[PDB]
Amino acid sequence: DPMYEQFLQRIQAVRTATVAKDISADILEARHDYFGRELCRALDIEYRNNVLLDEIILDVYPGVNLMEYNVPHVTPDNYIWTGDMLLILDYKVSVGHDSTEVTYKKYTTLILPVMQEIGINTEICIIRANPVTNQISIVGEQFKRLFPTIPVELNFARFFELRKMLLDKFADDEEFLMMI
């Protein structure tokens, strides 16, 4: 596992709280991206990880003049263009709901108004994996109808193992415990 080995090398070598904070954030990003890849593989949909909204609009509506509209330059993780409806997707990996609510509010209020002006039928979809239990939670009614089962095989144990080693190495470092 090249990803695991590279994280392990970084944890073996790190000496400072600030560099450790970056490893921690990087592990959480990699765990998120791992779920996104497994999710798209299981559903046989195109895997993407952060698409500029302008690019999404140009893919679904090539004739658009972006300059006529006030397009917020957000980068949702992914999208599905069925031909009649646009599903905006964001992956989450979390034991809680707070990050889902934050992103749902941001994309609902920033994306839906301009998509209505352009004329593209759009739904905001947030798919969250609980990394401890592997349970999947979906916000997005049309996503649920298209994908009533999600036959993923998730294993987050190695991300937990890496981050726990990092936390243990800095268990007595006040500067780090605050950054985290």
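In this text, residue numbers run from 1 along the sequence as written. For the two forms, the rigid core is made up of the largest set of C-alpha atoms that agree within 1.5 Å on superposition.
Root mean square Cα distance to the shown form, taken over structures and residues in 5 other deposited structures of this protein after a core fit, is higher for 60-68 when 117-125 and 60-68 are compared. The question of which stretch, 168-176 or 15-23, has the higher mean Cα B factor is settled in favour of 168-176.
Looking at 62-70 and 110-118 together, the entry lists the larger mean B-factor for 62-70, computed on C-alpha atoms. Sorting the modelled residues of the chain by their CA temperature factor places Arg41 in the middle third. Ranked within its chain, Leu89 lands in the lowest third, by CA B factor from the PDB record.
Annotation for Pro131: CA B-factor lies in the lowest third of the chain's modelled residues. The deposited CA B-factor of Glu141 belongs to the highest third of values across its chain. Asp54: CA B factor lies in the middle third for its chain, per the PDB record.
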